[PDB]
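To keep things clear, I will list the structure first and then write my remarks on it.
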Amino acid sequence: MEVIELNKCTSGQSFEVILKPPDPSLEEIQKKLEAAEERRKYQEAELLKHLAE
Amino acid sequence: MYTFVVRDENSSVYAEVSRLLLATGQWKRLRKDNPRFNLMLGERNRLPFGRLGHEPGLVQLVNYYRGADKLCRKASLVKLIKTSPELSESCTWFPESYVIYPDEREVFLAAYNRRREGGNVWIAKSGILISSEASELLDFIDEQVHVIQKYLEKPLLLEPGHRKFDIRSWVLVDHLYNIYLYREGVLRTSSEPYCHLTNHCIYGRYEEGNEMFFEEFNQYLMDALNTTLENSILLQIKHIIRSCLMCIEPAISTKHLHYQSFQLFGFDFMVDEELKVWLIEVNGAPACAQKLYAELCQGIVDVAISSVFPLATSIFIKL
Amino acid sequence: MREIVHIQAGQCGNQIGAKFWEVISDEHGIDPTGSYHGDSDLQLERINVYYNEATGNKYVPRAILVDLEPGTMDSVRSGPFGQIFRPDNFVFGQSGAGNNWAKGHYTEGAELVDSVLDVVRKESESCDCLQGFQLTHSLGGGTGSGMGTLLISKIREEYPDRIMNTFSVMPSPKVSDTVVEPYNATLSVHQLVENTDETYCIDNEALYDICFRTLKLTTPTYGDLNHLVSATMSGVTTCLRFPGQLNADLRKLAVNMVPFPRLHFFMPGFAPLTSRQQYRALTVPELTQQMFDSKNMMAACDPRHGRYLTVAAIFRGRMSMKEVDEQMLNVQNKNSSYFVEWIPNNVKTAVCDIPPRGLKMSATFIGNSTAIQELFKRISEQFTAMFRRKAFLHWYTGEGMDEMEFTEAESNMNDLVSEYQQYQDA
Amino acid sequence: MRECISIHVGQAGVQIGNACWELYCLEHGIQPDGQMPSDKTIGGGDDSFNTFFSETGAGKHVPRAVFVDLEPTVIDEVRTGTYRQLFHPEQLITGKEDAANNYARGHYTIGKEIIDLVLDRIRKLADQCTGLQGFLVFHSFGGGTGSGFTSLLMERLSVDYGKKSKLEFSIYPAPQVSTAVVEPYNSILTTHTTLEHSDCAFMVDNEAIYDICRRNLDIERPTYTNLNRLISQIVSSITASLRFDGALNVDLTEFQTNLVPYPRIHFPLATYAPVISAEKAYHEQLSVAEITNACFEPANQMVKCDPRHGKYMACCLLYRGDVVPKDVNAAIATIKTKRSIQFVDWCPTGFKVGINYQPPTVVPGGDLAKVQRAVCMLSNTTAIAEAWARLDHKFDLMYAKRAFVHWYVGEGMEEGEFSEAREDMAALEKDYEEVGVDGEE
Ligand SMILES: CC(=O)O[C@@]12CO[C@@H]1C[C@H](O)[C@@]1(C)C(=O)[C@H](O)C3=C(C)[C@@H](OC(=O)[C@H](O)[C@@H](NC(=O)CBr)c4ccccc4)C[C@@](O)([C@@H](OC(=O)c4ccccc4)[C@H]21)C3(C)C
Ligand SMILES: Nc1nc2c(ncn2[C@@H]2O[C@H](COP(=O)(O)OP(=O)(O)OP(=O)(O)O)[C@@H](O)[C@H]2O)c(=O)[nH]1
Ligand SMILES: Nc1nc2c(ncn2[C@@H]2O[C@H](COP(=O)(O)OP(=O)(O)O)[C@@H](O)[C@H]2O)c(=O)[nH]1
Ligand SMILES: [Ca+2]
Ligand SMILES: [Mg+2]
Ligand SMILES: [Mg+2]
Ligand SMILES: [Mg+2]
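Chains as they are written, first to last, in my numbering: chain A, 1 to 53; chain B, 54 to 372; chain C, 373 to 798; chain D, 799 to 1239.
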């Protein structure tokens, strides 16, 4: 057991004890959001088409 | 009413425990995947311990100790004894053993040669081969991890018959980690003159089914050797059971855990001609003798199950 | 501010709707003149869900009253709370619907439906954020059944992204006005399958049996049946009218109760129900046991003949919340056979501190059970008994309907029954 | 000095953020009106508490915080609460209708319409930073806003602040206080979308906080207020190193360096002790050894699981109060001989210890007793994968029947995202298993 990296200050201290060694771009996100919005508009159009019948 | 599920249809012990619970009128069996249970009689392999104790308003109990496999697998039992200071490599009741992978291959040869230079018969298991020299033992294993163990060349031989045997002890550990030894053991005796393997799978000459129980065996030790089963053997058996289970208790105990565990173990012992007891293996999912099924399974319900889920002379020895 | 627009259509819909508004006006401290006179701020915290605030701190129900004859709505306006409704929200004709779905849906109702939608549009335009609609109606008559489902179809067309909820009274031969009720109910059920998100199935057979066998009323009236409904309608909307965490709005309720879009027909229940002993204090174990008993549920279906997909339970009054959890998890773990294992934790529990006017404690049950198929089976059997001989069809063909539309309605409900049987075995 | 911005999303995130900033003000001596009589540099400064607080010329200390919710009732309580004067309206963003416990509604339908406004308000706080180091994101797994909108915001934050670190405080769903049946869906959906955008996430299982409140605080039916005051204590223990003078975990990147060797396995287990009821007149004050021993009791963990059957990759000890390094080492030596503490072979078997002398602050009138010393242990153990296993099992049960799926597809999401999210969780469970894992007889 050993204590290393002992740093002390007025509000406390810290140290280490060793016991044994051994992204999508903006356009890509915009496409996904608009693709889901298109699918919502398509389902709503089918609904209104169904209600018109 | 209490609820339980069955996840191992092949367990003769808990197939009897389940029908005992279904005979008290206070236990109902659910479908095997219904999570709203009080008691799980779980599967032998890959039991989902991580999904236990997360049902609000349910005290959940399981019939297996997570992590007890370290004691019930041959390779890990050797590693546990040689690395745990509670047992030490100087352990006197466990035969000299080595874990080798097809590694302690070099340490095994140094010990083997040092006594062949000065009898050294060993055994291989994990599919059993008993050879007299080391070159033949290593070739059979390369045909999974195995262990080479010193073979007991001088066993205690029953008379008449000049026959080998082994002792099976059943041990129940409840949720409070009380260690209960069933007062009834069985001797799986060989029917051939010394015949080297005494497993019940491998007849009926001197006793029915090659099974001698403690009453007859104790009577034999008094007539032939002028001693008792309690003094000559059972003190060592109780000592070995306590040593093994207390060693792994901090690793497997469920005292402050969100679910509780109990488990039935099968301890296999051997006795040499000097009446010294040796530990062979520990069994995590053991079967029982046909006569002792009713008494032991009822003891499991009384000690391990009803202690947590109460209903509306003990057969165990508390260690 | 998530406002709900209430609509009551036809004789049954308006008489039940009237009692509902009387009941929740008392709970929120609203007198028959629209003035608040309560003593708790919990009564006003979510009062905008059902009431508009007019000049002078008066509260006007966001309710629209619809009928094809004036009779029932005249009696409502002359009723106890009749003056609380906005007079413009009375939309009625004069010809009536003659217990005829075709008249309500295709001829007489079509002439009036645009006037109702004008009032609906006016109430919606004054909503900070309208969340949906609730319709009170019967399925056995002509106006509530035929025109009510016509209203739903046209409301969905104009507000496709809003929740549609109904309290639908199912007909029964034991409590029957005309023999064509199975025809009208079969035609309406298909509309509800397509165009509602939540439908509380209220069986007049169950209401009668509860009044007779439990409440010990020898000769129940329609007023006795409507008394049970208003108490149930108050219970199932407690989560919408008072502060709470669970099922707080119509869309969250639908997300928790409807695993499959077409299977959105709920069995309601109320506890306690006792004869007149009535002063005896009720305990939490007693509320829970009655709430889950079949004799307390109003769809006339045995839940032990099916399995629960989702369950909502609301407890009202001052009681031990710990004791509420215990008994709820007690009946749930003791009868886990009747809950589907493939929807974990499908029983949600809510507690409201404010009890009903006359009780210290009460409980309301909302179950989406596959046993509701027994209700649609009964209606299908009664429909087929007449349709196989084309009996009484001339009332409908005389309004322009064809026999094919009846055949399709028969098939749609048999399909609905089969869909429930699919998940009852799963 | 490098500033940190806190983001609170949904009811759970907002109500927890409210409890933290109340505790922060008590710890730093900041009054509800924003005044701080100990800050002698009026109108500016680069002190350690300035990482979480900006300053106005009038001397008001303003949290570097954004509150966002899709319905206004929860954030309205912040507008009228005790610390209402602390925030200006730009920090509080509300919609009119919520995500209805539907990930797809929070992520796609409503999220697309409010994400630009949220980023604009966040940019306003970022522009007031001389050296922004990243964000702390508070949200639930089960809510439609906390799951759906957070995973969208985390994607855009990686685009607009690619160099900045992101830490999460996430509320794991527990049926005892859960408000929705589809919370396993939303949890898996948001973990999949957020996994590559979060550098370190602290999960808190409501079931664990609930049971700690019942056992240790003697509260028969804990409320969100009870749970949030306990959560705010653990959160304060984790963020104290950024807000006070010290040398351990002094910036957000050190959290990843000290706790997360593998980028995907970034879910440290938190354990806190002691939790002591304020109703009892006298409590025996636990020692350094006793509170350090309690860090290895499953009953004190933020997620109930068994670290004995996993492997450690890292372990930090954060003490507050009367603690000297001599007693910590003596406690570690005693514990290591009696506990099952096994590390992976490629990591050192050791502990990084941080001590802050100021004892933990308790809210006046709260349920927590004032103690002389406390400790929070942050350990990266593979045992926390038990929480993923429970969650993925509930997912599998409902998804096999496609229960409730239509609600998500109806909002523009595809069924393939469900299985795509599930396969990622299957891979995540496999990564934990690779790192931490060694009849009728
Ligand atoms: C509902 C309810 O309690 O029903 C029973 C029946 O089983 C319950 C149990 C009771 O204890 C028992 C028996 C009462 O003895 C009680 O003295 C009493 C209450 C509390 C009265 O109900 C109230 O005042 C409530 O606050 C109430 N509002 C009204 O009902 C309007 Br009047 C309400 C309920 C739920 C939600 C919101 C508001 C009703 C009742 O007539 C009596 O029911 C009926 O005879 C009845 C007949 C036919 C159909 C339905 C009920 C009653 C009277 C007698 C006045
Ligand atoms: N610990 C804690 N958990 C909370 C709190 N509020 C909600 N939760 C949990 O969060 C989950 C519900 O998600 P919410 O945050 O309330 O929902 P939301 O993020 O607002 O999303 P929507 O309401 O659907 O728009 C449930 O599991 C709750 O138990 C809280 O104040 N404290
Ligand atoms: N529960 C209840 N059912 C009613 C009431 N009035 C009529 N019904 C039922 O509703 C059906 C008749 O529909 P009704 O509302 O009178 O026709 P409508 O006015 O044209 O919509 C029959 O099944 C009746 O049993 C009532 O006040 N209460
Ligand atoms: Ca300053
Ligand atoms: Mg009528
Ligand atoms: Mg919300
Ligand atoms: Mg064996």
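Beta carbons are placed, not taken as given, at the ideal position from N, Cα and C, and that holds for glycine.
query	result
Below-8 Å beta-carbon distance, residue 718 (chain C) vs any chain B residue	no
Three-state secondary structure assigned by DSSP to residue 606 (chain C)	helix
Option nearest residue 1033 (chain D) by Cα separation, candidates D:1056, D:1001, D:955, D:1057	D:1001
heavy atom of ligand 7 below 7 Å from residue 1238 (chain D) C-beta	no
Interface residues of the segment 1130-1158 of chain D facing chain G [CB-CB below 8 Å]	The structure shown contains no chain G; its protein chains are A, B, C and D.
Residue 154 (chain B) versus B:147, B:127, B:171, residue with shortest Cα-Cα distance	B:127
Endpoints, the beta strand (DSSP E) within which residue 680 (chain C) is located	680-689
Proximity of residue 174 (chain B) and residue 183 (chain B) at Cβ, strictly below 8 Å	yes
Cut-off 7 Å between Cβ atoms - residues of its own chain near residue 277 (chain B), not counting five sequence neighbours on either side	212
Nearest neighbour of residue 1168 (chain D), chosen from D:1076, D:830, D:1235 [CA to CA]	D:1076
Test: residue 530 (chain C) CB closer than 8 Å to a CB of chain B	no
Per-residue burial, residue 570 (chain C) [other beta carbons within 10 Å of its own, 16 or more giving buried]	buried
Cross-strand partners of residue 733 (chain C) (DSSP beta bridge)	C:689
Environment of residue 237 (chain B) [buried if 16+ CB atoms lie within 10 Å]	buried
N-terminal and C-terminal residue of the beta strand (DSSP E) that residue 511 (chain C) is part of	Taken as a continuous stretch (DSSP letters only), residue 511 (chain C) belongs to no beta strand (DSSP E), as it is neither H nor E.
Of the listed residues D:931, D:879, D:870, D:833, nearest to residue 804 (chain D) (C-alpha basis)	D:931
Cα-Cα separation between residue 272 (chain B) and residue 372 (chain B), rounded to whole angstroms	24 Å
Where the alpha helix (DSSP H) containing residue 19 (chain A) begins and where it ends	Careful: residue 19 (chain A) lies outside any alpha helix (DSSP H), inside the beta strand (DSSP E) at 12-20.
Residue 459 (chain C) burial status per 10 Å Cβ neighbour count (16 or more: buried)	exposed
Rounded distance between the beta-carbons of residue 1038 (chain D) and residue 1173 (chain D), thought under 8 Å	Wrong, their Cβ atoms sit about 12 Å apart, outside the cutoff.
Residue 1215 (chain D): CB within 7 Å of a non-hydrogen atom of ligand 7	no
Any residue whose CB is nearer than 5 Å to a heavy atom belonging to ligand 6, listed in chain order	D:809, D:896
Residue 383 (chain C): CB within 7 Å of a non-hydrogen atom of ligand 5	yes
Local conformation of residue 288 (chain B) per DSSP, three classes	helix
Buried/exposed call for residue 911 (chain D), threshold 16 Cβ in 10 Å	exposed
Cβ of residue 663 (chain C) within 8 Å of any chain D Cβ	no
Test: residue 110 (chain B) CB closer than 8 Å to a CB of chain C	yes
C-alpha distance - residue 189 (chain B) paired with residue 177 (chain B), whole-angstrom precision	10 Å
Inter-residue CB distance, residue 437 (chain C) and residue 453 (chain C) (contact presumed, cutoff 8 Å)	About 12 Å separates the two Cβ atoms, so there is no contact after all.
Chain D contact for residue 396 (chain C) (CB, 8 Å cutoff)	no
Contact check, residue 520 (chain C) vs residue 553 (chain C), beta carbons under 8 Å	no
CB of residue 325 (chain B) within 8 Å of CB of residue 229 (chain B), strictly	no
Contact list for the segment 1176-1205 of chain D against chain C, Cβ threshold 7 Å	1192, 1195, 1196, 1198, 1199, 1201, 1202, 1204, 1205
Proximity test, Cβ basis, 8 Å: residue 1066 (chain D) and chain A	no
Per-residue contacts from residue 46 (chain A) into chain D (C-beta, under 8 Å)	Per Cβ cutoff of 8 Å: no residues; residue 46 (chain A) is ~12 Å from chain D at best.
Sequence-ordered residues whose beta carbon comes within less than 5 Å of a heavy atom of ligand 4	D:837, D:839, D:843
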